[PDB]
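In structure tokens, the next block holds one chain alone, the form deposited in one PDB entry.
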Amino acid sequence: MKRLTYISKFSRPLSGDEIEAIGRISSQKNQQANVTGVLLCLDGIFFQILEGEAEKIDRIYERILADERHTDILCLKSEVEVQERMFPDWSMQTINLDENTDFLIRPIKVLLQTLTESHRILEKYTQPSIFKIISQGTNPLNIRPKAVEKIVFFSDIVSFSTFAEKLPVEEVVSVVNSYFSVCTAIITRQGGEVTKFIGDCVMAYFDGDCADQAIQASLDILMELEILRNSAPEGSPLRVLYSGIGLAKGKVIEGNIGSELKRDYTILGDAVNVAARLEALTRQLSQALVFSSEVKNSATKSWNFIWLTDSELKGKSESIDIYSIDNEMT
């Protein structure tokens, strides 16, 4: 028996009778799948708890995510291996709190709207990786630091300073946000983790043995930016949006770094400097992507590697061989 707690936002106003409809059909289908649950709503928020044989709970969740009447689904708690039902009588109890006027419910309702509204805001300033840890029972604050090998990804906008100097405030922030959205979408898709924004710079990291995914994410970004420059409206700043990318591999510390006020779950190590140095090198070269030989040698696909005989490393130890990929992008 799995059990699943999630909250979501109405995709549009819903009458109490439309919510009742969701309640009824949910009851008929849950009663068949052995599922019991409770569906709460409170001023445009859905809350649901759903429990049953995991396999069937997974299918039900999957089509719940497919329903157009709510959006911003966030799984708050996923319990596996539960040995007893919380609400064993209700296939689906629908509790509409907008209409419930009991006086013991008065205070509990106002807190719930306060905490949920607050929590929804904090979500957008949080990395979605923390929520994956939270949902699955682990308190991320209690993870202990560890030394681990990573591919470190650095990307930085070329000559961002001139956007700022010649463009309105709203427009400059639109350019950098568009860039971070393109990069974030592609890195996450390839298994990487965007861990920090540093001005016009994206710092992400991949598992140590995911050099092929790092290289492919980098090539797809460069492809996505080319398509974005060519397709932008007449006179759009997106037409002159270029990026460099540097990749390096090495052993870094991963853990909670910060003060009492505020911590980050992120990495720390020399491989971060190297990837930053490699990314800056791309201003010197005609290639937009450069990466270390340890990245080259950790790739398993037969990439079209090109050896950059001009290495140029400063602040490093042994001379660093720099490679790129030879294609029409570079």
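A residue's number is simply how far along the shown sequence it sits, counting from 1. Note that the rigid core is defined as the largest set of C-alphas that superpose within 1.5 Å between two forms.
**Student:** Could you check the entry and say whether 128-136 or 167-175 has the higher mean CA B-factor?
**Tutor:** The recorded data point to 128-136.
**Student:** Can you tell me which stretch has the higher mean Cα B-factor, 78-86 or 249-257?
**Tutor:** Mean C-alpha B-factor is greater for 78-86.
**Student:** From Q48, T282, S302, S292, can you pick the one with the highest C-alpha B factor in the entry?
**Tutor:** By C-alpha B-factor in the record, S302 ranks first.
**Student:** Per the entry's Cα B factor values, which of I108, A232, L225, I198 stands out as the maximum?
**Tutor:** Within the set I108, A232, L225, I198, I108 shows the top C-alpha B-factor.
**Student:** Comparing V274 with the other modelled residues of its chain, is its CA B-factor in the lowest, middle or highest third?
**Tutor:** Lowest third of the chain for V274's C-alpha B-factor.
**Student:** Which third, lowest, middle or highest, does the C-alpha temperature factor of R263 belong to within its own chain?
**Tutor:** CA B-factor rank for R263: lowest third.
**Student:** Comparing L97 with the other modelled residues of its chain, is its CA B-factor in the lowest, middle or highest third?
**Tutor:** Tercile = highest for this residue's CA B-factor.
**Student:** Report the third (lowest, middle or highest) to which the CA temperature factor of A211 belongs, ranking only the modelled residues of the same chain.
**Tutor:** For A211, whose C-alpha B-factor we compare with every modelled residue in the chain, the answer is the lowest third.
**Student:** Going by the recorded CA B-factors, say which third of the chain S181 sits in, lowest, middle or highest.
**Tutor:** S181: CA B-factor falls in the lowest third of its chain.
Below, we refer to the form deposited in another entry, which is not included among the displayed structures.
**Student:** Pick out the one residue among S178, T94, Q213, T195 whose C-alpha shifts by 2 Å or more between the shown form and the other one, once the rigid core is superposed.
**Tutor:** So the residue whose C-alpha moves 2 Å or more is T94.
**Student:** By the 2 angstroms cut-off, has the C-alpha of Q48 moved between the shown form and the other one once the rigid core is superposed?
**Tutor:** Yes, shifts by 2 Å or more.
**Student:** Establish whether a shift of 2 Å or more occurs at the C-alpha of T71 between the shown form and the other one, with the two forms superposed on the rigid core.
**Tutor:** Shift at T71: 2 Å or more after core fit.
**Student:** Is there a C-alpha shift of 2 Å or more at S118 between the shown form and the other one once the rigid core is superposed?
**Tutor:** After core superposition, the C-alpha of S118 moves less than 2 Å between the shown form and the other one.
**Student:** With a change of at least 3 Å, which way does the C-alpha separation between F180 and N256 go in the other form: closer or farther?
**Tutor:** Farther apart in the other form, by 3 Å or more.
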